[PDB]
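Here the structure is laid out as structure tokens; the discussion comes afterwards.
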RNA sequence: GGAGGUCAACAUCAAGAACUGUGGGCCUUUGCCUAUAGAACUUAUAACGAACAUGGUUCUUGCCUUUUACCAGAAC
RNA sequence: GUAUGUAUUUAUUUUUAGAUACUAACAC
Ligand SMILES: [Mg+2]
Ligand SMILES: [Zn+2]
Ligand SMILES: [Zn+2]
Ligand SMILES: [Zn+2]
Ligand SMILES: [Zn+2]
Ligand SMILES: [Zn+2]
Ligand SMILES: [Zn+2]
């Protein structure tokens with residue numbers, strides 16, 4: 001309210017500043033139809049985002065609010081949006097109310113207004129499935145922190161918690177020491193989508209620590225959709241949750257069914 | 001050309017342009033001819049590329 | 001809610017039928033009932 | 001003919017409160033999100049002036065088989081996700097009625113063409129030892145909140161605030177082990 | 001007949017020079033409009049176009065005020081302008097009509113192009129859209145006619 | 001109301017040397033005979049165009065390893 | 001002066017002489 005509701009959204013990036021198209025020289029000559037490169041294959045192309053968002057600093061009201069649009073600006077989620085208050089889509093982190101508005105249409109398509117596909121994706125890629133509600137993000141390529149080795153995993157854990165923590169209401173988080181991955185889980189599908197598009201290709205530590213000014217040379221961290229949990233514990237936990245929720249909606253079924261007669 | 005006539009097509013009354021200009025997607029103006037030649041060259045070159 | 005159904009004029013240049021694409025399909029054969037096949041050697045092989 | 005003739009299947013929910021609606025019909029639209037075959041597409045807008053636009057995703061066949069709504073993909077009657085209604089039904093009886101679906105391509109491209117009608121369809125600084133949404137929610141209403149940490153593998157972790165934390169000390173402990181962290 | 005000074009073109013009438021500077025400020029701006037200032041976003045592109053349309057409108061409005069309001073110029077200067085494409089004959093003619101005095105363009109009144117019915121919301125008085133807005137209390141979602149950049153051609157606003 | 005428009009839609013443009021409507025009589029509506037009114041555009045060294053291109057099938061050739069691309073005549 | 005084919009995973013998913021020889025876009 002005092003933070004977001006009143007203060008109108010502020011342009012993240014001047015339009016002249018936005019990255020050019022035509023990513024650089026992955027190949028010999030440029031190609032006009034598809035936008036890629038021609039012959040040969042340069043070392044695989046991926047790079048950290050020059051940009052990031054600042055939830056309380058940037059986010060503010062926009063035109064969609066008055067126009068009552070449902071869907072959130074992804075260029076905001078990337079903090080790359082150049083339209084500022086003129087933008088057609090909402091700038092702010094998803095809350096429970098707005099998910100309340102989306103609730104009918106969240107089934108087929110993500111919070112950004114993009115249709116979901118059926119099968120996920122070979123590598124668990126960009127957008128999810130409309131078969132399975134998946135609230136759990138896989139965080140990987142933790143070398144987005146670059147090569148700094150840390151006193152403990154509480155560095156990784158703590159830092160990640162403080163990263164995603166802003167983006168939405170977190171149900172749980174587990175970093176794994178052995179294989180480098182975080183698993184982060186939210187209340188709502190919406191926050192999961194939004195956070196995934198927000199934190200993909202990002203860096204870490206402090207606005208200035210050590211190698212900070214070289215951050216832009218890093219690879220950036222994969223945020224992908226996460227598979228199930230093989231251990232028996234959380235599997236019980238899911239089975240139970242599904243049970244009690246099934247039970248919960250049986251109440252609706254018998255209330256409107258009772259109204260049916 | 002005198003020996004083998006053709007005797008054209010009634011119902012030909014429909015032309016490409018009369019059908020084309022009808023839609024939202026085409027707009028009409030005047031312009032210098034040489035400029036239309038140059039535009040059409042750039043059009044073509046983009047098409048074949 | 002009733003409805004009113006309305007065609008949209010295509011941009012003549014763009015492909016009409018955006019989704020018509022040659023693809024091959026194996027259809028199932030759905031057999032609901034069976035058609036009885038209803039008809040009415042020894043030394044013969046030595047001939048045949 | 002074959003593709004047009006079956007009329008669309010739309011819920012009453014997503015189709016909105018408007019009395020009369022104008023919807024567009026494109027005779028070859030995108031393929032299904034499911035079968036991957038062409039079909040006829042329908043726009044519409046709930047409101048006349050609503051900015052958002054509704055686009056039927058799946059076929060008529062691929063819908064009818066599953067008995068769902070083309071815009072929603074929720075059950076045609078109960079307004080339920082498909083992966084649920086078959087779980088409720090599966091609760092009655094014992095183990096069955098899961099909808100087995102079509103990997104590869106012409107597995108699915110094949111499958112949509114049979115008239116089966118589907119399995120589902122036929123019936124229709126304080127350290128605290130011994131989720132996070134609940135803790136942050138309860139502690140959120142009684143005072144100032146800054147961060148929480150829990151490691152469910154350790155079943156215990158911090159709760160940090162920016163006096164008000166002592167206001168929390170009224171109800172915090174045993175509700176729960178809560179002390180003042182180092 | 002053409003904008004160009006081609007030898008066939010008859011020289012300017014009398015009253016021309018006085019208004020030549022005012023017209024040149026328009027021309028020199030249209031040069032800057034079509035220079036191809038690149039933009040990635042759609043919104044920015046059709047904004048660029050909106051510039052051109054609005055400039056054209058302003059010029060023809062200038063001349064229309066000269067001849068049909070102040071009568072500050074001769075008929076012959078006027079007709080010579082129209083024949084030299086400094087003005088839009090058809091557009092002016094719409095301005096002379098009763099209801100259209102402030103009009104955008106000639107696209108905005110096209111009945112055929114628009115999907116159902118006609119005449120951009122660009123033509124509907126704010127007075128009303130505020131009212132149908134009032135029924136919903138959603139305020140009003142309209143800002144710019146996609147063809148033009150208009151907000152309320154309608155001659156009440 | 002008059003003049004127009006490098007505006008649109010809908011009609012019509014190759015045939016008993018050829019159109020349409022209407023009145024009357026016979027057969028039993030069609031059709032035949034008789035009476036009457038009006039016929040824009042296109043036609044006699046024949047045709048909407050005082051102009052002149054291409055394609056398909058089928059034959060006959062011509063180049064000539066074969067296919068596209070072709071040679072030059074005909075019919076549809 | 002060989003079509004053509006196969007593979008190209010980097011970013012960490014929860015518990016002592018030589019004879020018989022084979023072949024060589026290398027020399028009529
Ligand atoms: Mg051969
Ligand atoms: Zn934005
Ligand atoms: Zn389908
Ligand atoms: Zn629906
Ligand atoms: Zn306009
Ligand atoms: Zn308009
Ligand atoms: Zn306007």
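All of the numbers you see were taken from the coordinates with simple rules; none came from a lab. When we count neighbours, we look across all protein chains shown, and the Cβ atoms used for this are built from the backbone with ideal geometry, even at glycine.
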Check: So which of D:25, D:48, D:33, D:55 is away from ligand 2 (no atom under 16 Å from the Cβ) and within 30 Å of residue E:130 (Cβ to Cβ)?
Finding: D:48
Margin query: Given the criterion away from ligand 5 (no atom under 16 Å from the Cβ), in contact with a strand residue (DSSP E or B) (Cβ under 8 Å, 6 or more places away or on another chain) and away from chain C (no Cβ under 14 Å), identify the matching residue among D:90, D:76, D:50.
Written below: D:76
Margin query: If residue D:110 satisfies all but one of (1) out of contact with any strand residue (DSSP E or B) (no Cβ under 9 Å at 6 or more places or on another chain); (2) more than 14 Å from chain C (Cβ to nearest Cβ); (3) surrounded by fewer than 21 Cβ atoms within 10 Å (Cβ to Cβ); (4) in a helix (DSSP H, G or I), what's the number of the condition it fails?
Written below: (2)
Item checked: Within segment A:99-204, strands (runs of 3 or more DSSP E) holding 3 or more residues that are within 13 Å of chain D (Cβ to nearest Cβ) and within 21 Å of residue D:154 (Cα to Cα) -> A:170-176, A:181-186
Margin query: Return the residues of segment A:45-71 that are within 14 Å of chain E (Cβ to nearest Cβ), closer than 15 Å to residue A:82 by Cβ and part of a loop (DSSP other than H, G, I, E, B); say none if nothing qualifies.
Written below: A:62
Note to self: For segment E:111-123, check the following and say yes or no: at least one residue is more than 16 Å from RNA strand G (Cβ to nearest atom) and farther than 26 Å from residue B:20 by Cβ.
What the structure shows: yes
Checklist line | Unique match (being within 30 Å of residue D:43 (Cα to Cα) and at the interface with another protein chain (Cβ under 7 Å from one of its Cβ atoms)) among C:4, C:30 | finding: C:4
Next item on the list: Select from segment E:88-108 the residues that are within 14 Å of chain B (Cβ to nearest Cβ) and in contact with a helix residue (DSSP H, G or I) (Cβ under 7 Å, 6 or more places away or on another chain) and write down the one among them that is farthest from ligand 2 (Cβ to nearest atom).
Entry: E:89
Next item on the list: Name, by its number, the condition in (1) within 27 Å of residue A:19 (Cα to Cα); (2) assigned to a helix (DSSP H, G or I); (3) away from chain E (no Cβ under 14 Å) that does not hold for residue A:85.
Entry: (3)
Notebook entry, point to check: Hey, among D:82, D:125, D:182, which residue is buried (at least 16 other Cβ atoms within 10 Å of the Cβ) and more than 14 Å from chain C (Cβ to nearest Cβ)?
Noted result: D:82
Next item on the list: All but one of (1) in contact with a helix residue (DSSP H, G or I) (Cβ under 7 Å, 6 or more places away or on another chain); (2) away from ligand 7 (no atom under 12 Å from the Cβ); (3) within 14 Å of chain A (Cβ to nearest Cβ) hold for residue E:82, so report the exception by its number.
Entry: (3)
Next item on the list: Only one of these is in contact with a helix residue (DSSP H, G or I) (Cβ under 7 Å, 6 or more places away or on another chain) and surrounded by fewer than 19 Cβ atoms within 10 Å (Cβ to Cβ): D:51, D:115, D:93, D:104. Name it.
Entry: D:51
Item checked: Condition check for residue A:36: surrounded by fewer than 16 Cβ atoms within 10 Å (Cβ to Cβ) and over 19 Å from residue A:216 (Cβ atoms) -> yes
Checklist line | helices (runs of 4 or more DSSP H) fully within segment E:48-157 counting 3 or more residues that are within 16 Å of RNA strand F (Cβ to nearest atom) and surrounded by fewer than 17 Cβ atoms within 10 Å (Cβ to Cβ) | finding: E:75-83, E:89-96
Next item on the list: Take segment D:4-47 and flag every residue that is within 11 Å of chain C (Cβ to nearest Cβ), more than 14 Å from ligand 4 (Cβ to nearest atom) and exposed (fewer than 15 other Cβ atoms within 10 Å of the Cβ).
Entry: D:4, D:7, D:19, D:20
